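Sharing a structure, written as structure tokens. Questions coming.
For reference, chains read A, B, C, D and E in written order, and residue numbers begin at 1 within each chain.
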């Protein structure tokens, strides 16, 4: 019987509960995304790794959800490998960023997927 | 006549106004609990040693009351010594934890007892 | 109807003395201690008490035939002689459920005790107990919160909660009040409170006191790291005024308010219990005026009833007496009603003055409060007689300590933890009492200072 | 401050016994009848009563130096032996104005009677009278209307107002309550009323009762050509409930409501008086529960004080007793507080139990109501004792008449108009009483019927 | 979906209470889709156009555990809420761990799905595999391994 630790286990939503995704593993994802028709997009955040509630507390309001878009959603792209690239590209430049990958279903307007592609050091 | 100090005397409810409890003394406690039928349980906290009020201020609301359960309430246990064990077991692992021992009266549903089993360093 | 209307007087006995009667589980039963007037057969005295308490008057009215008194009549189903007592009895009366307005102690009191205590045919009357049926209990809200939630909220377990009434009674300023509060609280008391007559006066206005004691308790809670509270008195002259104050306490985030239920009244209390429930405040009941009703063993209302009434109308805490201090109160009786205040079911025990089994079908219990003329040397007794589920209050005994409030607090907090551990290690607070605090006086400078001061004080005087 | 803080107990006597004292015109003064415990010097008893009633506790607290007790302390300025009485005295205490919250009987009572009645050092305590200063009188609304505007509104002059309590007590349906009402009023009664315990119950709900009594009083008023009224009980379990009933009586346009001030409470009463004042409803006060406090001559509160308390809180009518009927009450005492209830200034008169001169600085006066076990044959006495400015009520005395309500109403109207004229012609109600109604019985069929039925009844029993 | 609800319980197919797969597939689409073509196969007797009414998130609850993960995930898709009452406070090491168990189980299913495995055929290995790497997840697997609620439907 073991006490799930109460201290350095901050999550990042989908997939953050399986062991660190290998690049292969990560590649499967961008792959799936594409397989489906989702527009891959990237967003990084260098200061508020997690939601907060500083400006308001009404129901549903959380500060900390929006992150910065990395360039533009790469519409028309089909090279799983090119997005991956981008990932690399951004840790270069925002080594201290949290970087995440998402996938837009433009028909339903819903982010069909999202998985962190890179935590900074010590997360 | 002497000025009760205003500065490093943070308390911990029951028994925190008597001198640090010896293991014998502490033993008496788990012993009493037992004597009575309370199921002993452990909870430790490593970050908010004391109540706060960050999320709300309505009457009765205070953040920081809930602590982390150490394993599960040891239902059926009768070895005073076994719970003491546990205390040891948790300072190992959460040396910086505040650890406490409580007693559940399941018929009344009240914590019939609670006393801090271990403050971290410098408390 | 049936049986011609025949105008004129008739003894009460004819309709309200029913020894035949088999009580229904929904009946309200009452144990009245009656002392008739010289030529009055107990069963007539007993029948008047039941008639004039339910359906009847002094002469025959035709209207009775419109309804059916068998259904409605209150009834004297038994008398008992008070062994070794001056023509004094126990008349037992049963009141059908249909007679009482739901949710209303006011109603219940208006009936049972409305007019009968002044009958010319009686010379003294006293209500000793009332059996509240579950069918009636379920119509009350009862305490805003009760024992478990209170503990659960303030996060406080194993041992009596400690408190202090700031003194002097009247005359302190909004600001001094705060000062005094903070000072008592940082010492280690759980609560401080307004004296039952501190409402809003030219010397200190309620809104000023409320603002500063909030400042102070907040200071004292940060300092110690233990949830604190200050009972803010909402007793007022009008319900509107009363709610208005409760509303501010809510605005401040403070946790408990207080109300003098008997000087305020049941109608107003009931309102405040509802307001507390919906707003999450703990409410402290003060029983000012009570001994006007509950002292004489021959006339009035016994406190165990006053106490029941409150668990019905609403209150988290009620002052239960100290046995051992400045005001009247015997141990067995007190034990009796304290169980009536906190338990779920209390078995009838004439030994302890409980004339009827009371089943509370899970109405919350109320935390009894021991207050008035008690000090450090009484610790182990209070602890003994009351148990952890009690509030022990040090007014004089806190602001009365030679080094001021903080210290006076610390003294009491130690006295009690002391007693609590003695107890837990298996010592005997009743026999071993005296050494225990005596022992602790030795290791605690503040505790010591205290001991020395109140060592010789007791309030032994032959009880009423 | 000044004079070192010196911890520890001291006798009350040192600060609350001040025979020196010269009472200020703005002090509340109270005459308590104290009975100490064996070794208690009266001047200690008396000072305990004054300290634990204003600013002090049982031990010494430094905070007193923060304020100044000379300004605030309650003080025992004199003792007196109760001639021919068991170690019983009259402690006289004086309370500075600054201590009471304006407009609040709640607060006043909380202070004067809060805790002292249960002191171990005393064995019995009773408040006999309180002198209310004009500076405190002026802070009260008093009655919504008072004797003059009530007569002015109902258009009724020269004679006691007549009323009746519908019976049975509990158990009649909304509809039957109206029928009974219409029938009593068409007869000649001015008012009918709810029994103090008729609130809202399974057998009959408040709004249904109110709706039908309105229909009925409206019928009787039109029929007779005289303004009628039915006291609608607003007594409820919460203020919100209470106001809510008051509000419907307003909607129906009916002229008077009623409230059991003691089971309700001063807090709730005052709120009703205000509401009545602003919405022009007359308020009838029923003093249910009062005999629990005012019976025993050695312990409690005396009605004259309860009576005072109400004229402050608010009430247009208050039950004053009958002397001559089913419940306890003596003539002189009664005459005493009846003046405290109606007059503007009332000179002290120990003969009659009035311990202090009371100046009401124009607070309206309240109409005393004589009720309970009175009949046709008591008319002349009541008329005598009470005069025009009273309400005389016939419960049993009305619904118990051999020919039902209407005739029973007629019976009492004639009996009373009979006495009034006798009086006006110069006859002597006290000597000549008996012939007067006796003479009338001869000319009135309904009156007759009555006379024959209650001829032999009286309630003589040696008083308490 | 007309009166208003963000979530609605839709059944589990595979757990303690009644419900058949096709029918379920049928109304689940009625709850979340914009347009649902008529398919008597699936019990839909009429084409239903919701003219943009927002869709509701079906919830899968009652008698479900770690070993049902892959099926639920299969049958319901990402847009679903799956609930573990007993399946959570029923775990040998208490609630937290139980939580963790279900989370891994589900993230486990999710990646397998995304890698292209076949939740339906390959179901069983998938969680089975993961029970291997997760202590909390394992504890789980062991306890509810033999449980199913197969009984002939109404």
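Annotations for the structure displayed:
Here, a contact is a pair of C-beta atoms (placed from the backbone, for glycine too) under 8 Å apart; a residue touches a chain by one contact, two chains touch by 3 or more.
Within the contact network of the assembly, the step distance from chain A to chain D comes to 3. With centres computed from Cα atoms alone, the innermost chain of the structure is C. Between chain A and chain B, the centres computed from C-alpha atoms are 40 Å apart. Mean C-alpha positions place chain B and chain C at a centre distance of 33 Å.
Between chain A and chain C, the centres computed from C-alpha atoms are 61 Å apart.
Our note on geometry: chain B versus chain D, Cα centroid distance of 58 Å, whole angstroms. Those residues of chain C in touch with two or more other chains are numbered 402. Contact with two or more other chains is made by residues 71-72 of chain B. Taken as a graph of touching chains, this assembly has some other topology, since it is neither a line, a ring, a star nor fully connected.
You'll find the chains touch as A-B, A-E, B-C, B-E, C-D.
The touching residues of chain E, when paired with chain A in their complex, are 78, 92-93, 96-97, 99-100, 103-104, 107-108, 110-111, 114-115, 133, 135-136.
On the side of chain B, the complex with chain A involves touching residues 44-47, 55, 68, 70-72, 90, 93. Those residues of chain B that touch chain E in the complex are listed here as 69, 71-72. The touching residues of chain E, when paired with chain B in their complex, are 93-94, 96. Contacts from chain C toward chain D in the complex involve residues 7-9, 37-38, 52, 54-64, 66-69, 71-72, 97-101, 103-107, 109-111, 113-121, 123-124, 165-173, 176, 180, 196-197, 199-203, 235-240, 242, 260, 263-271, 274, 288-296, 299-301, 326-329, 372-373, 375, 395-397, 399-402, 404, 453-454, 457, 459, 461-464.
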